[PDB]
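There is one chain below, alone, in structure tokens, taken in the form deposited in one PDB entry.
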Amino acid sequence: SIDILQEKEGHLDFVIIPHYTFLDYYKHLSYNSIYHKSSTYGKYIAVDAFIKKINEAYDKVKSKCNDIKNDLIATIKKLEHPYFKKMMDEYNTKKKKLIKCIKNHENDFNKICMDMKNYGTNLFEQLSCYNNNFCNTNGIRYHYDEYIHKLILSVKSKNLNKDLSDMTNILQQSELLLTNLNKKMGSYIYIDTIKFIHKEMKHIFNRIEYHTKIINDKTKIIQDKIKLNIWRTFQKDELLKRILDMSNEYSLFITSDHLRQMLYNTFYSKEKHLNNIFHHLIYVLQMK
């Protein structure tokens, strides 16, 4: 599934949610693999480089969509700033044209993902212990501390429940401002855009709510599980299954944190557009 994001005015990007999770899962496998032994630590330079070459390659496949994406930006530019029928239909076709462009470059995206799976599985396959019945967990401990711990704290320092309460509040206010607002001639083009922006904002809200639930669920699971795989040893097979389980937990957690932030920014970019149209209704036309 695809998520379209408008973080700043004039900027528009998309994410293939399964691809982001897949690419990230293999990043964790690669790192857990090299951190297990002190002799393989120095391979961080080579792993950082390969992952960077894959992200830049994936970005080069989306950068070859930039024409149709900029065409959608211009349609959004007209919609967001009227100061709606054909404009509403214009928006949906340009949106379906972009979605069609992403499906056409599927083979190009899939291969990079497949190239990352091959690299990740290969590093992981090469994971060896001095004594297979007593595998160290220093790698799991180092990886968590250096790639994951700061993200759990970042989430805990923020208040995402308040963020959803503050988002519903803005949605409640626009619903009230639309209803408890005296009707006026020529305001129709603006009333339709507000009702439209509000719907897109309610859709963005539902996504943020869906992702915050995953962040909250995964933050407890990660913190609980990490305690059980940290200051001990495992038989090789158990160590590997334990690394696989953590990578899946990390990948899902990271993905939706990344998406919540991006959708938070898009809810507020579209909120700036509601403030502007309501300002035009009250000041340029005074609709008490």
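The term rigid core refers to the maximal set of C-alpha atoms that superpose within 1.5 Å between the two forms. Only residues modelled in both forms are compared. We number the residues from 1 along the sequence you see.
In what follows, reference is made to the form deposited in another entry, a form of this protein that is not presented.
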(request) Quick one: lay the two forms over each other on the core and tell me which of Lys213, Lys96, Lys150, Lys184 moves its CA by at least 2 angstroms between this form and the one not shown. (result) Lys184
(message) Knowing the shift is 3 Å or more, I'd like to know if the C-alpha atoms of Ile170 and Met185 are closer or farther apart in the other form than in the shown chain.
(response) closer
(request) Fit the two forms on the core and write out the ranges of at least 3 consecutive residues whose every CA moves by 2 Å or more between this form and the one not shown. (result) 177 to 189, 284 to 288
